[PDB]
Amino acid sequence: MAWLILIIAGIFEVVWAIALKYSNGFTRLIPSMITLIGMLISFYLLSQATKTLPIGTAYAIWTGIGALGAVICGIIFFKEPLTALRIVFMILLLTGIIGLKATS
Amino acid sequence: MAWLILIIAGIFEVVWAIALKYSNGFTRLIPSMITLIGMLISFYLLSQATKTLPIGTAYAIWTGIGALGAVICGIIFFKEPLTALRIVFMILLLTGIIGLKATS
Amino acid sequence: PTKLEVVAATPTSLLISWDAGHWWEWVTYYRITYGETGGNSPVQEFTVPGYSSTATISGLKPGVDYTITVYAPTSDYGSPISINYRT
Amino acid sequence: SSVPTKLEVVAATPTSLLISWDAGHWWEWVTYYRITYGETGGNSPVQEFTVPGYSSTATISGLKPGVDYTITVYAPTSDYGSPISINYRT
Ligand SMILES: CCCCCCCCCCCCP(C)(C)=O
Ligand SMILES: N=C(N)Nc1ccccc1
């Protein structure tokens, strides 16, 4: 069960990620509010998911969904680039991230 | 410049991460203030970076530098196991980050 | 913002109120500045959270014509709102 | 214990006591202290307040003159030390 609230900890990671983009340097109320609230949901949801699970596999999947969700919802909502190159260096960055967090 | 801010956001990402373990229940004053100051700086700099940079690239690179600093600090200041796996994950990470800056 | 009214005033203070917009337009903070419409010197300023649409300006000289302006965080919204008012 | 240290009454008045402590070294400084005071007997409860951890002194007001009190300074947690108390008749 703690796995799923780890998934959701990870979805809310993307939520504040997109809400923060929408806030325009944290100046638009509501996207600003979502950013804050959707953060301590992620962190809280984590600390509970982590209670049960390994800290390593917890964070690895938490930030994985965080980082990929941001990349995906970005190219979608903010019509951010979709270069052959960008999708590649993003893959090396997320695996390095996932990697180092899965070692600790 | 936006990129420079991200690096410093990532730097402060880890300084509050490691200061938060050196705070107790958020009880030791000096570590508590450092975590609190390191988070407000980390978020702020990130929010300002996200104005001019894709949320997908901003998040992942931010997270990356935090994950990288975390292991660079983990290895050096805590005698942490330095694996050939850990080095290649730090190389993928760096290649990911450098790579993304190069497709601006 | 829009609709900068002086809802109430005493000789020494004004209660101002504005239209935040709705939903998508709400900003996280407003920055209100007030000074003598004339010899000014500087202007006093303060900031109110963006959820609040009223503000109170205190320590005014009675009888003096003051000018009040309400800023958004950035230009990219709907310009500053300004008024004059004698206390 | 470790913290807090050296709980003493700096100044006193029939109704009010001004207390101080040695927060300790920077790394021992805590986010707050919670401070308890009541008649050293306990006719019903005790009285309590907290102080920011960056403060080494606290004033206690509204005491009954002539009465012996107990005054206890705690840390946030028990991790740091045993909560140091003193007796004082106003
Ligand atoms: C909760 C921590 C982040 C605090 C940031 C406050 C948001 C407003 C940023 C405005 C200042 C920079 P500017 C005048 C270029 O918009
Ligand atoms: N929630 C995170 N991924 N990071 C974080 C770091 C610093 C301040 C606030 C949030």
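Proteins come first, then strands; the chains are lettered A, B, ... in the order of their sequence lines, and each starts at number 1. Values reported hereafter were calculated over all heavy atoms of this structure, with side chains retained and with hydrogens, waters and symmetry mates removed.
A distance of 7.0 Å separates CZ of A:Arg86 from CG of B:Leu100, quoted to the nearest 0.5 Å. For the atom pair CG of A:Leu92 and CG of B:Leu94, the computed distance is 11.0 Å after rounding to the nearest 0.5 Å. Going from atom CG of B:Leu82 over to atom OG1 of A:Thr103 covers 10.5 Å, rounded to the nearest 0.5 Å. In this structure, the separation between OG1 on B:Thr63 and CH2 on A:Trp62 is 7.5 Å, given to the nearest 0.5 Å. In this structure, CZ in B:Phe43 is found 5.5 Å from CG in A:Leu20, a value given to the nearest 0.5 Å. Taken from CD1 in A:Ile72 to CD1 in B:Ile55, the straight-line distance is 13.5 Å, to the nearest 0.5 Å.
In this structure, chain B has a heavy atom under 4.5 Å from the side chain of A:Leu36, while its backbone stays farther away.
Ranked by heavy-atom pairs under 4.5 Å with chain A, the list B:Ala58, B:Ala49, B:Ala67, B:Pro54 is led by B:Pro54.
With hydrogens and angles ignored, the 3.5 Å screen pairs a side-chain donor or acceptor of A:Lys21 with a backbone N or O of B:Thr50.
Crowding of A:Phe89 atom CZ: a count of heavy atoms from other residues, nucleotides or ligands under 6.0 Å exceeding 12. More than 12 heavy atoms of other residues, nucleotides or ligands lie within 6.0 Å of CZ in B:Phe26, so this atom counts as buried by the packing criterion.
Between B:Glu80 and A:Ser104, the shortest heavy-atom contact is OE2-OG, 4.0 Å.
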